[PDB]
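Asks: My structure file model_38.cif, mmCIF, N, CA and C atoms; chains and numbers go by the auth columns, is below:
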data_data
loop_
_atom_site.group_PDB
_atom_site.id
_atom_site.type_symbol
_atom_site.label_atom_id
_atom_site.label_comp_id
_atom_site.label_asym_id
_atom_site.label_seq_id
_atom_site.Cartn_x
_atom_site.Cartn_y
_atom_site.Cartn_z
_atom_site.B_iso_or_equiv
_atom_site.auth_seq_id
_atom_site.auth_asym_id
ATOM 1 N N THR A 1 77.085 102.226 123.922 0.00 1 A
ATOM 2 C CA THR A 1 78.175 101.618 123.167 0.00 1 A
ATOM 3 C C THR A 1 79.443 102.459 123.260 0.00 1 A
ATOM 4 N N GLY A 2 79.297 103.766 123.061 0.00 2 A
ATOM 5 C CA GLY A 2 80.440 104.657 123.128 0.00 2 A
ATOM 6 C C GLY A 2 81.083 104.677 124.501 0.00 2 A
ATOM 7 N N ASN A 3 80.318 104.285 125.515 0.00 3 A
ATOM 8 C CA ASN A 3 80.818 104.261 126.884 0.00 3 A
ATOM 9 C C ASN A 3 80.869 102.834 127.420 0.00 3 A
ATOM 10 N N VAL A 4 80.366 101.893 126.629 0.00 4 A
ATOM 11 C CA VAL A 4 80.355 100.488 127.021 0.00 4 A
ATOM 12 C C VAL A 4 81.577 99.756 126.477 0.00 4 A
ATOM 13 N N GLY A 5 82.299 100.411 125.574 0.00 5 A
ATOM 14 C CA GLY A 5 83.483 99.808 124.990 0.00 5 A
ATOM 15 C C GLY A 5 84.761 100.487 125.439 0.00 5 A
ATOM 16 N N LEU A 6 84.780 100.943 126.687 0.00 6 A
ATOM 17 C CA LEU A 6 85.950 101.617 127.238 0.00 6 A
ATOM 18 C C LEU A 6 86.914 100.612 127.860 0.00 6 A
ATOM 19 N N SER A 7 86.560 100.111 129.039 0.00 7 A
ATOM 20 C CA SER A 7 87.395 99.142 129.740 0.00 7 A
ATOM 21 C C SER A 7 87.406 97.805 129.008 0.00 7 A
ATOM 22 N N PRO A 8 86.209 97.235 128.801 0.00 8 A
ATOM 23 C CA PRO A 8 86.053 95.950 128.111 0.00 8 A
ATOM 24 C C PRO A 8 86.374 96.048 126.624 0.00 8 A
ATOM 25 N N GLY A 9 86.640 97.265 126.159 0.00 9 A
ATOM 26 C CA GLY A 9 86.959 97.470 124.759 0.00 9 A
ATOM 27 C C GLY A 9 88.405 97.868 124.545 0.00 9 A
ATOM 28 N N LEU A 10 89.004 98.484 125.557 0.00 10 A
ATOM 29 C CA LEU A 10 90.394 98.918 125.476 0.00 10 A
ATOM 30 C C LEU A 10 91.345 97.742 125.672 0.00 10 A
ATOM 31 N N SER A 11 91.010 96.868 126.617 0.00 11 A
ATOM 32 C CA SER A 11 91.835 95.701 126.905 0.00 11 A
ATOM 33 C C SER A 11 91.595 94.599 125.878 0.00 11 A
ATOM 34 N N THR A 12 90.464 94.682 125.183 0.00 12 A
ATOM 35 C CA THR A 12 90.114 93.693 124.172 0.00 12 A
ATOM 36 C C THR A 12 90.711 94.056 122.817 0.00 12 A
ATOM 37 N N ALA A 13 91.022 95.336 122.637 0.00 13 A
ATOM 38 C CA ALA A 13 91.602 95.812 121.388 0.00 13 A
ATOM 39 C C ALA A 13 93.126 95.801 121.451 0.00 13 A
ATOM 40 N N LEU A 14 93.666 96.098 122.628 0.00 14 A
ATOM 41 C CA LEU A 14 95.112 96.123 122.821 0.00 14 A
ATOM 42 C C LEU A 14 95.674 94.708 122.912 0.00 14 A
ATOM 43 N N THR A 15 94.784 93.732 123.055 0.00 15 A
ATOM 44 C CA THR A 15 95.190 92.335 123.154 0.00 15 A
ATOM 45 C C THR A 15 95.051 91.626 121.812 0.00 15 A
ATOM 46 N N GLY A 16 94.026 92.001 121.052 0.00 16 A
ATOM 47 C CA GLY A 16 93.801 91.390 119.756 0.00 16 A
ATOM 48 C C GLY A 16 94.220 92.292 118.610 0.00 16 A
ATOM 49 N N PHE A 17 94.573 93.531 118.934 0.00 17 A
ATOM 50 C CA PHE A 17 94.993 94.495 117.923 0.00 17 A
ATOM 51 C C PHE A 17 95.649 93.790 116.739 0.00 17 A
ATOM 52 N N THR A 18 96.665 92.983 117.028 0.00 18 A
ATOM 53 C CA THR A 18 97.379 92.251 115.989 0.00 18 A
ATOM 54 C C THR A 18 97.206 90.746 116.157 0.00 18 A
ATOM 55 N N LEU A 19 96.723 90.338 117.326 0.00 19 A
ATOM 56 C CA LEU A 19 96.508 88.925 117.612 0.00 19 A
ATOM 57 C C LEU A 19 95.176 88.448 117.040 0.00 19 A
ATOM 58 N N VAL A 20 94.325 89.398 116.668 0.00 20 A
ATOM 59 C CA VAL A 20 93.020 89.077 116.101 0.00 20 A
ATOM 60 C C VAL A 20 93.147 88.610 114.656 0.00 20 A
ATOM 61 N N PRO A 21 93.786 89.442 113.819 0.00 21 A
ATOM 62 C CA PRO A 21 93.990 89.136 112.401 0.00 21 A
ATOM 63 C C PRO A 21 94.988 88.003 112.191 0.00 21 A
ATOM 64 N N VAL A 22 95.826 87.763 113.194 0.00 22 A
ATOM 65 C CA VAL A 22 96.827 86.706 113.120 0.00 22 A
ATOM 66 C C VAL A 22 96.360 85.454 113.852 0.00 22 A
ATOM 67 N N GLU A 23 95.282 85.591 114.620 0.00 23 A
ATOM 68 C CA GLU A 23 94.734 84.469 115.374 0.00 23 A
ATOM 69 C C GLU A 23 94.365 83.318 114.443 0.00 23 A
ATOM 70 N N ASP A 24 94.172 83.634 113.168 0.00 24 A
ATOM 71 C CA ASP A 24 93.816 82.626 112.176 0.00 24 A
ATOM 72 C C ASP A 24 95.026 82.246 111.328 0.00 24 A
ATOM 73 N N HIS A 25 96.132 82.954 111.534 0.00 25 A
ATOM 74 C CA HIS A 25 97.358 82.690 110.788 0.00 25 A
ATOM 75 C C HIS A 25 98.441 82.128 111.703 0.00 25 A
#
Will you turn the file into structure tokens for me?

Replies:
Amino acid sequence: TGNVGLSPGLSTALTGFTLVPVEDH
């Protein structure tokens, strides 16, 4: 997990960072 969330986790967090909580707003 600590190494499985690097690439697929960095681009997924930098994209939803604020788009995740607002995706419903």

Asks: Give, as JSON, the centre coordinates and the x, y and z edge lengths in Å to one decimal for an axis-aligned box around all listed atoms of range 4-23 of chain A, padded by 5 Å on each side.

Replies:
{"center_x": 88.9, "center_y": 92.6, "center_z": 121.0, "size_x": 27.0, "size_y": 28.6, "size_z": 27.5}

Asks: Could you find all residues in chain A that DSSP calls alpha helix (DSSP H) from the backbone, and write them as a VMD selection string?

Replies: chain A and resid 7 to 16 19 to 22

Asks: With N, CA and C atoms kept, could you save the residues just selected as a PDB file, in the frame of the given file?

Replies:
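part_13.pdb, written as the output of this step:
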ATOM      1  N   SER A   7      86.560 100.111 129.039  1.00  0.00           N
ATOM      2  CA  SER A   7      87.395  99.142 129.740  1.00  0.00           C
ATOM      3  C   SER A   7      87.406  97.805 129.008  1.00  0.00           C
ATOM      4  N   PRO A   8      86.209  97.235 128.801  1.00  0.00           N
ATOM      5  CA  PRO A   8      86.053  95.950 128.111  1.00  0.00           C
ATOM      6  C   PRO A   8      86.374  96.048 126.624  1.00  0.00           C
ATOM      7  N   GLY A   9      86.640  97.265 126.159  1.00  0.00           N
ATOM      8  CA  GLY A   9      86.959  97.470 124.759  1.00  0.00           C
ATOM      9  C   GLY A   9      88.405  97.868 124.545  1.00  0.00           C
ATOM     10  N   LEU A  10      89.004  98.484 125.557  1.00  0.00           N
ATOM     11  CA  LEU A  10      90.394  98.918 125.476  1.00  0.00           C
ATOM     12  C   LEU A  10      91.345  97.742 125.672  1.00  0.00           C
ATOM     13  N   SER A  11      91.010  96.868 126.617  1.00  0.00           N
ATOM     14  CA  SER A  11      91.835  95.701 126.905  1.00  0.00           C
ATOM     15  C   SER A  11      91.595  94.599 125.878  1.00  0.00           C
ATOM     16  N   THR A  12      90.464  94.682 125.183  1.00  0.00           N
ATOM     17  CA  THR A  12      90.114  93.693 124.172  1.00  0.00           C
ATOM     18  C   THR A  12      90.711  94.056 122.817  1.00  0.00           C
ATOM     19  N   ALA A  13      91.022  95.336 122.637  1.00  0.00           N
ATOM     20  CA  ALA A  13      91.602  95.812 121.388  1.00  0.00           C
ATOM     21  C   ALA A  13      93.126  95.801 121.451  1.00  0.00           C
ATOM     22  N   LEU A  14      93.666  96.098 122.628  1.00  0.00           N
ATOM     23  CA  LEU A  14      95.112  96.123 122.821  1.00  0.00           C
ATOM     24  C   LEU A  14      95.674  94.708 122.912  1.00  0.00           C
ATOM     25  N   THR A  15      94.784  93.732 123.055  1.00  0.00           N
ATOM     26  CA  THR A  15      95.190  92.335 123.154  1.00  0.00           C
ATOM     27  C   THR A  15      95.051  91.626 121.812  1.00  0.00           C
ATOM     28  N   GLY A  16      94.026  92.001 121.052  1.00  0.00           N
ATOM     29  CA  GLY A  16      93.801  91.390 119.756  1.00  0.00           C
ATOM     30  C   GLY A  16      94.220  92.292 118.610  1.00  0.00           C
ATOM     31  N   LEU A  19      96.723  90.338 117.326  1.00  0.00           N
ATOM     32  CA  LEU A  19      96.508  88.925 117.612  1.00  0.00           C
ATOM     33  C   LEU A  19      95.176  88.448 117.040  1.00  0.00           C
ATOM     34  N   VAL A  20      94.325  89.398 116.668  1.00  0.00           N
ATOM     35  CA  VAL A  20      93.020  89.077 116.101  1.00  0.00           C
ATOM     36  C   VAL A  20      93.147  88.610 114.656  1.00  0.00           C
ATOM     37  N   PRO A  21      93.786  89.442 113.819  1.00  0.00           N
ATOM     38  CA  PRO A  21      93.990  89.136 112.401  1.00  0.00           C
ATOM     39  C   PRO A  21      94.988  88.003 112.191  1.00  0.00           C
ATOM     40  N   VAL A  22      95.826  87.763 113.194  1.00  0.00           N
ATOM     41  CA  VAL A  22      96.827  86.706 113.120  1.00  0.00           C
ATOM     42  C   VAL A  22      96.360  85.454 113.852  1.00  0.00           C
TER      43      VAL A  22
END

Asks: May I ask for the distance between atom N of residue 3 in chain A and atom C of residue 23 in chain A, given in Å to one decimal place?

Replies: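 Separating atom N of residue 3 in chain A from atom C of residue 23 in chain A is a distance of 27.6 Å.
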
Asks: Please, what distance in Å, to one decimal, runs between CA of residue 2 in chain A and atom N of residue 25 in chain A?

Replies: 29.2 Å

Asks: Quick one: range 6-24 of chain A with N, CA, C and O atoms, as a tab-separated table (two decimals), in the frame of the given file?

Replies:
chain	number	residue	atom	x	y	z
A	6	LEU	N	84.78	100.94	126.69
A	6	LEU	CA	85.95	101.62	127.24
A	6	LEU	C	86.91	100.61	127.86
A	6	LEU	O	87.95	100.29	127.28
A	7	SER	N	86.56	100.11	129.04
A	7	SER	CA	87.40	99.14	129.74
A	7	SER	C	87.41	97.80	129.01
A	7	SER	O	88.46	97.28	128.63
A	8	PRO	N	86.21	97.24	128.80
A	8	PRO	CA	86.05	95.95	128.11
A	8	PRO	C	86.37	96.05	126.62
A	8	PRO	O	86.38	95.04	125.91
A	9	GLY	N	86.64	97.26	126.16
A	9	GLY	CA	86.96	97.47	124.76
A	9	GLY	C	88.40	97.87	124.54
A	9	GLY	O	88.97	97.62	123.48
A	10	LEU	N	89.00	98.48	125.56
A	10	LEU	CA	90.39	98.92	125.48
A	10	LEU	C	91.34	97.74	125.67
A	10	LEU	O	92.36	97.63	124.98
A	11	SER	N	91.01	96.87	126.62
A	11	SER	CA	91.84	95.70	126.90
A	11	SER	C	91.60	94.60	125.88
A	11	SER	O	92.41	93.69	125.72
A	12	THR	N	90.46	94.68	125.18
A	12	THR	CA	90.11	93.69	124.17
A	12	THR	C	90.71	94.06	122.82
A	12	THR	O	90.89	93.20	121.95
A	13	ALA	N	91.02	95.34	122.64
A	13	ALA	CA	91.60	95.81	121.39
A	13	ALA	C	93.13	95.80	121.45
A	13	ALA	O	93.80	95.53	120.45
A	14	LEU	N	93.67	96.10	122.63
A	14	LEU	CA	95.11	96.12	122.82
A	14	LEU	C	95.67	94.71	122.91
A	14	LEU	O	96.89	94.50	122.85
A	15	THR	N	94.78	93.73	123.06
A	15	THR	CA	95.19	92.34	123.15
A	15	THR	C	95.05	91.63	121.81
A	15	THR	O	95.85	90.76	121.47
A	16	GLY	N	94.03	92.00	121.05
A	16	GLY	CA	93.80	91.39	119.76
A	16	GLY	C	94.22	92.29	118.61
A	16	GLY	O	94.22	91.87	117.45
A	17	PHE	N	94.57	93.53	118.93
A	17	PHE	CA	94.99	94.50	117.92
A	17	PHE	C	95.65	93.79	116.74
A	17	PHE	O	95.25	93.97	115.59
A	18	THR	N	96.66	92.98	117.03
A	18	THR	CA	97.38	92.25	115.99
A	18	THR	C	97.21	90.75	116.16
A	18	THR	O	97.50	89.97	115.25
A	19	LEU	N	96.72	90.34	117.33
A	19	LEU	CA	96.51	88.92	117.61
A	19	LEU	C	95.18	88.45	117.04
A	19	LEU	O	94.93	87.25	116.94
A	20	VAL	N	94.32	89.40	116.67
A	20	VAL	CA	93.02	89.08	116.10
A	20	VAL	C	93.15	88.61	114.66
A	20	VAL	O	92.69	87.53	114.28
A	21	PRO	N	93.79	89.44	113.82
A	21	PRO	CA	93.99	89.14	112.40
A	21	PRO	C	94.99	88.00	112.19
A	21	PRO	O	95.00	87.36	111.14
A	22	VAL	N	95.83	87.76	113.19
A	22	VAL	CA	96.83	86.71	113.12
A	22	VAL	C	96.36	85.45	113.85
A	22	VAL	O	96.96	84.39	113.72
A	23	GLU	N	95.28	85.59	114.62
A	23	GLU	CA	94.73	84.47	115.37
A	23	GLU	C	94.36	83.32	114.44
A	23	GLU	O	94.26	82.17	114.87
A	24	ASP	N	94.17	83.63	113.17
A	24	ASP	CA	93.82	82.63	112.18
A	24	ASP	C	95.03	82.25	111.33
A	24	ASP	O	94.96	81.33	110.51
